[PDB]
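The block underneath contains the structure these notes are about, expressed in structure tokens.
Please note: Cβ atoms are built from the backbone with ideal geometry, for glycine as well, and neighbour counts cover all protein chains shown. All of this is worked out from the model, or read from it or from the source named; nothing here is a laboratory result.
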Amino acid sequence: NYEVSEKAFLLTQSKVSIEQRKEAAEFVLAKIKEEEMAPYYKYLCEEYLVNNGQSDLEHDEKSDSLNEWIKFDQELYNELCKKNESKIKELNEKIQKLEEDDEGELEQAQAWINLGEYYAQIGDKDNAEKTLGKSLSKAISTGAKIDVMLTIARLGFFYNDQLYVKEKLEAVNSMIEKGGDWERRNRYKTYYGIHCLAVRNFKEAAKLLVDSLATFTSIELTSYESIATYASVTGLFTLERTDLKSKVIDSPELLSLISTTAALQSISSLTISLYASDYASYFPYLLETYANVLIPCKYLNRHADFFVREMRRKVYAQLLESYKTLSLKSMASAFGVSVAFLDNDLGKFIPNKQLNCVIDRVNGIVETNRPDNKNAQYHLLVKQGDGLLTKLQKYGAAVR
Amino acid sequence: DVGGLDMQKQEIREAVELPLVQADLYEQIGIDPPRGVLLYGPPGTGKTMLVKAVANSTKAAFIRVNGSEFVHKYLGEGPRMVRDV
Amino acid sequence: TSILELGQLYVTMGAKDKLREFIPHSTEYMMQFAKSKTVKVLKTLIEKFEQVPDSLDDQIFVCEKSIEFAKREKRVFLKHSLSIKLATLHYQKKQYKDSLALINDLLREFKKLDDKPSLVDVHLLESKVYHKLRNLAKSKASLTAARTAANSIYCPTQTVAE
Amino acid sequence: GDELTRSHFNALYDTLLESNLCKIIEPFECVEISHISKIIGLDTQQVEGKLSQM
Amino acid sequence: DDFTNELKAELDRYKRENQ
Amino acid sequence: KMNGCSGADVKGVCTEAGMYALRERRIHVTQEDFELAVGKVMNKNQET
């Protein structure tokens, strides 16, 4: 189900090539024949508008699109009824006979789950959760628990809903805690780091992603190259260079992951340039990471500017720690940028107290302000010490 | 300290250093580590001194017990020390 | 025996273009001599390409040619000899992905269905695949399995030292 | 020409450099960078780049 | 935004490579 | 394929079966590693 949501997401924003939309349309047309995408197929016009979202022959009549395959017709209307009779009408009649004959226990619960998964592809979520809720009481061990969690896990990836999914996934996992192997636990662990990108948790996302394996592929839930970009980009932003040398840049799987596909451009272009402290070619890597990684990915396109703006602030901190002073002529020219471009980035960073530095105008020397023995007891002990005392006085001043 | 022990060194690392360092590898696979290992061979030659070398890398407390110990004319003290240790 | 002396002179003098087509023409000779047993003649002809320098195009073309003829009946059990050669020539090709996809399908056939000692040659070449891949987990795993079983069986001096 | 030999070239590059830097860092610091490059015999940008990385 | 950072990076590359 | 294996002989195969897959760092043990482990456990009594 994720293969369609990944390819059709390129239909939303394409600023360069038109063929990217037609190439991604070939994967959509192939999957809609085997499985009915009608809930997401109708969600195409309800997601992003004023591109392809105005083209429909049924609910709303307008023609504006670069893709004519997303509009209903007489063929898809007949196929919608054929898939609805086989996956629901034909299967429910056989399950109804098993209910009266009393055949098995978990077999009827698993049959309701497989039947409930078909309502998700027809576009009716009321009967999908109704048949799933009846089979939830029959779940005891991890045999029927994986299938119940699998249906709710689809709600997050297929319907792109971060609200009612995680609340249900946590309730099912916390009811009976076993986990089976480590891969069945990834469904809760991988979606955890993915949900952190919606509410912008930053370093919290990479907690379970860095320790996760790079060979994990959920197919219909997620692809191989999609999860590879989530752990590479978020893991690089979380762990500092101290932890990058013993984990990211040197790993048995990660070194094998970068050679599989060239669509990462994170653990190779960004990591080596950061480890070698080469700022000449490091700047164009951020543009390739933004265009060819962040934009095509689903959850990596939500932040947008929040990647390059924050990553550029931290890469300067690695340079400020290795020198007391610097050269403004070398930073604003030799690294591939201009003078006005450097003052715009550092202009917003200084008043936010995100770093300690000394910028020179006439002399043109970038000097680092080093606390020496001050460290974390200088401005943090007074701010965090007295700041928490303000929260302590909240309930003590007003009582109840 | 003594070469040619790679046959025994790979066996000690799996039965000693493996369960001590990473305990989560057993829960992921679904297996449990063994509670001991039996060594067959002459002591003092590439064997006994190698056992003391295990406490160097593992940084663990080494308990030296001899089979000629717990010799006494009474009863009940010998079998009690096995449970106490 | 005379063909062995001719094939060595063709690649050196520049006749290797004609030699690649002469090798599959020996199928008619294999139906009689030594009661089939083609694996001895064809493996030595391919071995001649190792001593005299030759491009990887002619070395791969011969292995994928004579296998499609009637020689396949003798190559049923011993196919591991021609399968390792295909993955070995991919090392100089600097492509380990086409060889890894083959080995993944081959490894199911190497457990007690063909040859016990041949694992050493398989894990040795497999260690060379993950060597350029910069993976120390698979390289130390495959090499240890071949070195552990190397005590029960015996390998030639070139294999043991490797 | 050898990939393994080139991999150990940077290891020997930092090995002889660490022994040379240890001779500079052991006495008192605050010496001119140009005088440091004359002892090492490399470019000023190369000396500042390899030292700051360590 | 991304339009500001990408524009200033490309315009400087044309001038820097010509020096 | 087991010879003279009691209930505890099979129980000890689980630990040996997980060591071959741990060298490759995989939580799922392939079918190739089971028979190689059972052959080693069965030969423990007949070793030397």
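Numerical summary
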{"read-out": "Residue check for A:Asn375: out of contact with any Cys (no Cβ under 8 Å at 6 or more places or on another chain), part of a helix (DSSP H, G or I) and outside the structural domain of A:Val233 (by CATH)", "value": "no"}
{"read-out": "Pairs where the first residue, in segment C:32-54, is touching a residue at least 12 places away in the same chain (Cβ under 8 Å) and the second is loosely packed, with under 13 Cβ neighbours inside 10 Å and in a loop (DSSP other than H, G, I, E, B), C-beta under 8 Å, 6+ apart", "value": "C:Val41/C:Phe33"}
{"read-out": "Of the criteria (1) within 14 Å of chain C (Cβ to nearest Cβ); (2) under 8 Å from the mean Cα position of the chain (by Cα), which one F:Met19 fails", "value": "(2)"}
{"read-out": "For A:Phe306: the one exception among (1) surrounded by 15 or more Cβ atoms within 10 Å (Cβ to Cβ); (2) more than 14 Å from chain D (Cβ to nearest Cβ); (3) in a helix (DSSP H, G or I); (4) within 23 Å of the chain's Cα centre (by Cα)", "value": "(1)"}
{"read-out": "Of all residues in segment C:100-148 being more than 18 Å from the chain's Cα centre (by Cα) and among the hydroxyl-bearing types (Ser, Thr, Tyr), the one that is farthest from C:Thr88 (Cα to Cα)", "value": "C:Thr148"}
{"read-out": "Whichever residue in segment D:40-53 is more than 9 Å from the chain's Cα centre (by Cα) and assigned to a loop (DSSP other than H, G, I, E, B) and, among such residues, is farthest from the other protein chains (Cβ to nearest Cβ)", "value": "D:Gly41"}
{"read-out": "Condition check for D:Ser34: away from chain A (no Cβ under 14 Å) and part of a helix (DSSP H, G or I)", "value": "yes"}
{"read-out": "Test for A:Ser266: is it crowded, with 20+ Cβ neighbours inside 10 Å, of a type in the set (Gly, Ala, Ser) and more than 10 Å from every other protein chain (Cβ to nearest Cβ)", "value": "yes"}
{"read-out": "Where a residue in segment A:1-20 is acidic (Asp, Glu) and its partner, wherever it lies, is in a helix (DSSP H, G or I), with Cβ under 7 Å and at least six apart", "value": "A:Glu3/A:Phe27; A:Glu3/A:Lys31; A:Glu6/A:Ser226"}
{"read-out": "Residue pairs meeting the criteria (Cβ under 8 Å; at least 6 apart or on separate chains; first touching a residue at least 60 places away in the same chain (Cβ under 8 Å), in segment C:86-99; second part of a loop (DSSP other than H, G, I, E, B) and crowded, with 17+ Cβ neighbours inside 10 Å)", "value": "none"}
{"read-out": "Options A:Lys348, A:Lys383, A:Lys391: the member that is without any contact (Cβ under 8 Å) to a residue 24 or more places away in the chain, within 14 Å of another protein chain (Cβ to nearest Cβ) and within 35 Å of the chain's Cα centre (by Cα)", "value": "A:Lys348"}
{"read-out": "Long-range neighbours under 6 Å by Cβ, at least six apart or interchain, first residue without any contact (Cβ under 8 Å) to a residue 40 or more places away in the chain and in a loop (DSSP other than H, G, I, E, B) within segment A:243-262, second of a type outside the set (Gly, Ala, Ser) and crowded, with 18+ Cβ neighbours inside 10 Å", "value": "A:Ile249/A:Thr271"}
{"read-out": "Flag if A:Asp372 is within 14 Å of another protein chain (Cβ to nearest Cβ) and of a type in the set (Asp, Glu)", "value": "no"}
{"read-out": "Boolean, A:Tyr285 is of a type in the set (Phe, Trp, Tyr), assigned to a helix (DSSP H, G or I), assigned by CATH to the domain that holds A:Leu150 and under 17 Å from the mean Cα position of the chain (by Cα)", "value": "no"}
{"read-out": "Flag if A:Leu208 is of a type in the set (A, V, I, L, M), in a helix (DSSP H, G or I) and within 14 Å of chain B (Cβ to nearest Cβ)", "value": "yes"}
{"read-out": "Any hit, segment F:20-28, residues being surrounded by 15 or more Cβ atoms within 10 Å (Cβ to Cβ) and more than 29 Å from A:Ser256 (Cβ to Cβ)", "value": "no"}
{"read-out": "Members of segment D:1-39 found to be under 10 Å from the mean Cα position of the chain (by Cα) and either under 22 Å from A:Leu326 (Cα atoms) or of a type in the set (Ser, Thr, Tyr) (or both), listed by number", "value": "D:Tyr13, D:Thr15, D:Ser19, D:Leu21, D:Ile36, D:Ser37"}
{"read-out": "Helices (runs of 4 or more DSSP H) wholly inside segment C:39-149 containing at least 2 residues that are within 14 Å of chain F (Cβ to nearest Cβ)", "value": "C:97-106, C:119-132, C:136-149"}
{"read-out": "Residue list for segment A:326-350, restricted to those being part of a loop (DSSP other than H, G, I, E, B) and farther than 27 Å from A:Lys245 by Cα", "value": "A:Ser327, A:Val337, A:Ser338, A:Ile350"}
{"read-out": "Odd one out for A:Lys353, checked against (1) of a type in the set (D, E, K, R); (2) more than 29 Å from E:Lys15 (Cα to Cα); (3) assigned by CATH to the domain that holds A:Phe237", "value": "(3)"}
{"read-out": "Selection within segment A:134-161 - within 23 Å of A:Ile122 (Cβ to Cβ), without any contact (Cβ under 8 Å) to a residue 40 or more places away in the chain and among the polar types (S, T, N, Q)", "value": "A:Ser135, A:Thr151"}
{"read-out": "Filtered residues of chain E (kept if surrounded by 10 or more Cβ atoms within 10 Å (Cβ to Cβ), among the polar types (S, T, N, Q) and either at the interface with another protein chain (Cβ under 7 Å from one of its Cβ atoms) or not in a helix (DSSP H, G or I) (or both))", "value": "E:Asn5"}
{"read-out": "Filtered residues of segment A:183-215 (kept if surrounded by 19 or more Cβ atoms within 10 Å (Cβ to Cβ) and aromatic (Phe, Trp, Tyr))", "value": "A:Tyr191, A:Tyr192"}
{"read-out": "Odd one out for A:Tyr323 among (1) away from chain D (no Cβ under 14 Å); (2) not in a helix (DSSP H, G or I)", "value": "(1)"}
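Yes/no per residue for (1) within 13 Å of chain C (Cβ to nearest Cβ); (2) in contact (Cβ under 8 Å) with a residue 60 or more places away in the chain; (3) touching a strand residue (DSSP E or B) at 6+ places or on another chain (Cβ under 9 Å); (4) assigned to a helix (DSSP H, G or I):
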site	(1), (2), (3), (4)
F:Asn3	no, no, no, no
F:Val10	no, no, no, yes
F:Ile27	no, no, no, no
F:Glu35	yes, no, no, yes
F:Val38	yes, no, no, yes
F:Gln46	no, no, no, no
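This table checks each residue for (1) closer than 30 Å to C:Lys140 by Cβ; (2) loosely packed, with under 15 Cβ neighbours inside 10 Å.
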residue: C:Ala15; (1), (2): no, yes
residue: C:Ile23; (1), (2): no, no
residue: C:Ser36; (1), (2): no, yes
residue: C:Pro53; (1), (2): no, yes
residue: C:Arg75; (1), (2): no, no
residue: C:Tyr91; (1), (2): yes, no
residue: C:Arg108; (1), (2): yes, yes
residue: C:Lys112; (1), (2): yes, yes
